[PDB]
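Keep in mind that the numbers below use all heavy atoms, side chains included, and drop hydrogens, waters and symmetry copies. Lettering follows sequence order; numbering is per chain, from 1.
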Amino acid sequence: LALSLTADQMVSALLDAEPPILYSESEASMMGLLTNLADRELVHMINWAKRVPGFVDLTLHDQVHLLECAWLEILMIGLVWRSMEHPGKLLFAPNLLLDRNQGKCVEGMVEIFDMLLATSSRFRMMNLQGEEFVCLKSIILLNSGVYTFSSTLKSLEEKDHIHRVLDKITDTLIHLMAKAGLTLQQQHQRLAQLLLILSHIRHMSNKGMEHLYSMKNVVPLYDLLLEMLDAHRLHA
Amino acid sequence: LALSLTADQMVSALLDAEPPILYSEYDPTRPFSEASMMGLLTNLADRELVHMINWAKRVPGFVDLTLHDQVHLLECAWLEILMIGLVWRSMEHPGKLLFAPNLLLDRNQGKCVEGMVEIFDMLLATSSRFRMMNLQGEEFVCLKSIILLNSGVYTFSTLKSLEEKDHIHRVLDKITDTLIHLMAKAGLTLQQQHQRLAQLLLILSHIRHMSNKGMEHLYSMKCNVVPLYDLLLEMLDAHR
Ligand SMILES: Cc1cc2cc(O)ccc2c(Oc2ccc(O)cc2)c1-c1cccc(O)c1
Ligand SMILES: Cc1cc2cc(O)ccc2c(Oc2ccc(O)cc2)c1-c1cccc(O)c1
């Protein structure tokens with residue numbers, strides 16, 4: 001049960017859940033390379049989400065909805081995390097490290113680039129830890145769709161569960177900071193600082209979607225995710 | 001310097017800073033037919049903007065920033081601030097958005113403007129969420145000031161720039177402390193305090209989202225040569 005895990009068991013489950021770092025397939029279509037990278041990461045994000053404690057307790061519908069809302073925020077927070085020790089650069093993959101003026105190739109990409117670097121600098125200033133990072137990523141998964149669901153009794157029960165798991169991750173975040181020797185005030189301050197960054201990740205994702213949907217296939221992402229989440233039980 | 005206020009002094013100063021509740025400019029003898037909602041909401045929003053500027057200048061730490069940084073923070077945050085206000089004053093009216101005391105709308109009347117009902121539904125749910133959390137006015141004013149200080153903080157490398165960011169974050173830390181204090185006085189346990197802080201701050205990300213979609217919806221309508229930065233500066237000259 002996801003709600004009976006301790007803070008240490010929670011951190012431990014999220015670390016264990018971490019997806020692998022994938023590699024990119026001169027400047028070809030840089031958008032080609034990045035889209036191919038994202039598509040391959042999506043698969044591993046599905047496996048990952050299924051290991052976030054609480055997630056597989058939800059309906060298939062709500063699982064898809066959550067990933068459809070959060071997929072870019074999740075990709076972005078991973079990017080920001082990887083790029084943390086590389087100032088002025090975004091490590092999309094170990095073999096695809098781009099700087100600002102490489103961004104000025106796709107129109108509109110520069111604005112998003114600058115925002116991503118700034119978040120990465122912020123994580124670096126705060127010395128964000130891996131254990132904290134995985135907590136934030138899981139919050140993104142669980143939080144980003146919750147407000148834009150139906151309100152059936154089933155749907156109400158689903159929303160209550162999500163808020164219990166989010167409360168457990170908060171618990172876990174606080175436990176980490178205490179385990180790291182911060183004061184209670186410092187803990188509350190750091191918790192606030194990190195959750196406010198989630199607002200900026202949401203903002204970037206929204207601008208990202210605008211940018212991506214400005215470039216005009218017959219395979220909608222919803223359908224894509226459903227197909228991937230809706231696994232059979234034949235391969236035991 | 002704002003860094004030396006207590007929680008109650010911070011709480012009290014924000015309460016003191018609260019803007020008034022404006023009304024919709026209404027010919028109430030006139031039919032509702034010959035009256036576009038968007039016009040009413042635009043005129044309401046413009047008049048609120050003036051008061052928002054007055055409020056912002058009384059948020060502790062705000063006037064310590066440069067004029068350039070004050071304008072930028074308001075530039076990024078103004079619609080979120082309008083939204084959180086609408087959500088707060090809509091709490092006691094389930095399924096309805098109190099834009100002004102003489103302008104209460106439901107989802108149906110939202111449907112009259114093309115891409116509006118998406119945003120109404122989102123705003124309604126935010127209002128429902130605040131109602132189920134029993135959000136206090138003391139907490140509300142803290143959240144509203146966090147939006148002001150946080151929303152443009154990443155979109156500003158001069159020595160002054162770093163110092164300015166640094167200052168904004170010290171004040172945010174101060175308002176965080178104030179929120180925890182208020183939850184302590186309400187009788188919440190330490191666990192319950194940090195959970196509630198989290199829950200409240202996670203709602204800020206949904207308010208940002210709604211703000212982003214509101215902006216898409218507004219620019220799908222009107223296409224300003226005069227940038228918003230210039231207008232926010234000019235307003236400070238027009239009415240101050
Ligand atoms: C911001 C961002 C982060 C990414 C992180 C990844 O781990 C992988 C790809 C990323 C990525 O490119 C994508 C390209 C196509 C697509 O369907 C999904 C992502 C972007 C990105 C790049 C340029 C423009 C844009 O709006 C968004
Ligand atoms: C969401 C919202 C909240 C408002 C809160 C207020 O206190 C006053 C007006 C509001 C308001 O209408 C506006 C109209 C013009 C404009 O320049 C700013 C706001 C909206 C709103 C409504 C429908 C579409 C949209 O994009 C935005």
Query - Within 6.0 angstrom of B:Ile21 CD1, more than 12 heavy atoms from elsewhere - result: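 Incorrect, the count does not exceed 12.
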Which heavy atom of [X] sits nearest to which heavy atom of [Y], and what is that distance?
X: B:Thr178; Y: B:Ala7; value: CG2-O, 3.6 Å
X: A:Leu142; Y: A:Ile162; value: O-CG2, 3.4 Å
X: A:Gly54; Y: A:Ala2; value: N-CB, 3.3 Å
X: B:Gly110; Y: B:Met116; value: O-CB, 3.6 Å
X: B:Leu98; Y: B:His93; value: CD2-CE1, 4.0 Å
X: B:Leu197; Y: A:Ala192; value: CD2-CB, 4.4 Å

Got a second to check how far [X]'s [atom1] is from [Y]'s [atom2], nearest 0.5 Å?
X: B:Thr66; Y: B:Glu164; atom1: OG1; atom2: CD; value: 4.5 Å
X: A:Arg164; Y: A:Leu166; atom1: CZ; atom2: CG; value: 12.0 Å
X: B:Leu179; Y: B:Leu143; atom1: CG; atom2: CG; value: 5.5 Å
X: A:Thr119; Y: A:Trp81; atom1: OG1; atom2: CH2; value: 14.0 Å
X: B:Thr155; Y: A:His203; atom1: OG1; atom2: NE2; value: 7.0 Å
X: A:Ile174; Y: A:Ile169; atom1: CD1; atom2: CD1; value: 13.0 Å

Query raised in the report: Stepwise, does the salt bridge (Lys or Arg N to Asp or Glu O under 4.0 Å) test hold for B:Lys144 with B:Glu139?
Result: CA-CA 9 Å; B:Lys144 190 166 67 173; B:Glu139 293 174 311; over 6 Å; no
Is the side chain of [X] donor-acceptor paired with the backbone N or O of [Y] at a distance under 3.5 Å, no angle test?
X: A:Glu73; Y: A:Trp71; result: no
X: B:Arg196; Y: B:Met133; result: yes
X: A:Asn206; Y: B:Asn212; result: no
X: B:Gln195; Y: A:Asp171; result: no
X: A:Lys50; Y: A:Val56; result: no
X: A:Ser120; Y: A:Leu116; result: no
X: B:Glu25; Y: B:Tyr23; result: no
X: B:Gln193; Y: B:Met183; result: no
X: B:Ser90; Y: B:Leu86; result: yes
X: A:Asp160; Y: A:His163; result: no

Report task. Please step through ring pair (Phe, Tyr, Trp, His ring centres under 6.0 Å) for the pair A:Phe149 and A:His65, ending with a clear verdict. Result -> CA-CA 8 Å; A:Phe149 280 121; A:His65 180 72; 5.0 Å; yes
So, do [X] and [Y] sit near enough that their side-chain heavy atoms are less than 4.5 Å apart?
X: A:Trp48; Y: A:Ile74; answer: yes
X: B:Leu103; Y: B:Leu41; answer: yes
X: A:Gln129; Y: A:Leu176; answer: no
X: B:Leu201; Y: B:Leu204; answer: yes
X: A:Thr148; Y: A:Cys69; answer: yes
X: B:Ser151; Y: B:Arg208; answer: yes
X: B:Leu97; Y: B:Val87; answer: no
X: B:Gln70; Y: B:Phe62; answer: yes

Query raised in the report: Going through the distances and angles, do B:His167 and B:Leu1 end up as a side chain to side chain contact (heavy atoms under 4.5 Å, CB included)?
Result: CA-CA 10 Å; B:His167 184 270; B:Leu1 206 163; 3.7 Å; yes
Report task. For ring pair (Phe, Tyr, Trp, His ring centres under 6.0 Å), just list the numbers for B:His68 and B:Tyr229, CA-CA rounded to whole Å, side-chain angles, deciding distance to a tenth of an Å, and then say yes or no. Result -> CA-CA 9 Å; B:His68 179 286; B:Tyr229 179 90; 5.3 Å; yes
Requested in this report: With sequence neighbours excluded, tell me which residues meet side-chain contact (heavy atoms from CB on, under 4.5 Å) with B:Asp16.
Outcome: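 Partners of B:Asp16 under the side-chain contact (heavy atoms from CB on, under 4.5 Å) test: B:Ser12, B:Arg58.
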Requested in this report: Name all residues meeting the side-chain contact (heavy atoms from CB on, under 4.5 Å) criterion together with B:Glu48; count only those two or more places apart in sequence or in a different chain, and write none if there are none.
Outcome: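 B:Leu22, B:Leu44, B:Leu82, B:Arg89.
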Can you find a side-chain donor-acceptor pair between [X] and [Y] that sits under 3.5 Å?
X: B:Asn43; Y: B:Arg47; result: yes
X: B:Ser205; Y: A:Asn143; result: yes
X: A:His200; Y: A:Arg122; result: no

Requested in this report: Check the pair B:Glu18 / B:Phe140 against side chain to side chain contact (heavy atoms under 4.5 Å, CB included), numbers first and verdict last.
Outcome: CA-CA 11 Å; B:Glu18 274 296 279; B:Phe140 163 69; 3.5 Å; yes
**Report entry** Which residues share a salt bridge (charged side-chain N to carboxylate O under 4.0 Å, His left out) with B:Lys213, sequence neighbours left out
**Finding:**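 Listed in chain order: B:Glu216.
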Query - Evaluation steps, side chain to side chain contact (heavy atoms under 4.5 Å, CB included), between B:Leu200 and B:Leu135 - result: CA-CA 9 Å; B:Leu200 287 189; B:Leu135 185 66; 3.8 Å; yes
Query - Worked verdict on B:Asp8 versus B:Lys185 for salt bridge (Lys or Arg N to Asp or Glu O under 4.0 Å) - result: CA-CA 11 Å; B:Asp8 293 323; B:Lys185 289 195 156 170; 3.2 Å; yes
Requested in this report: Please step through side chain to side chain contact (heavy atoms under 4.5 Å, CB included) for the pair A:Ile77 and A:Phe123, ending with a clear verdict.
Outcome: CA-CA 10 Å; A:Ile77 198 170; A:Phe123 279 6; 4.2 Å; yes
Report task. List the steps and the verdict of ring pair (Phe, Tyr, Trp, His ring centres under 6.0 Å) for B:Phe99 and B:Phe120. Result -> CA-CA 11 Å; B:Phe99 284 92; B:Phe120 267 38; 5.7 Å; yes
Requested in this report: Evaluate the side chain to side chain donor-acceptor pair (under 3.5 Å) criterion for residues B:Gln199 and A:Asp167: first the C-alpha distance (whole Å), next the side-chain angles of each, then the deciding distance (0.1 Å), finally the verdict.
Outcome: CA-CA 8 Å; B:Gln199 292 162 29; A:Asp167 286 350; 2.9 Å; yes
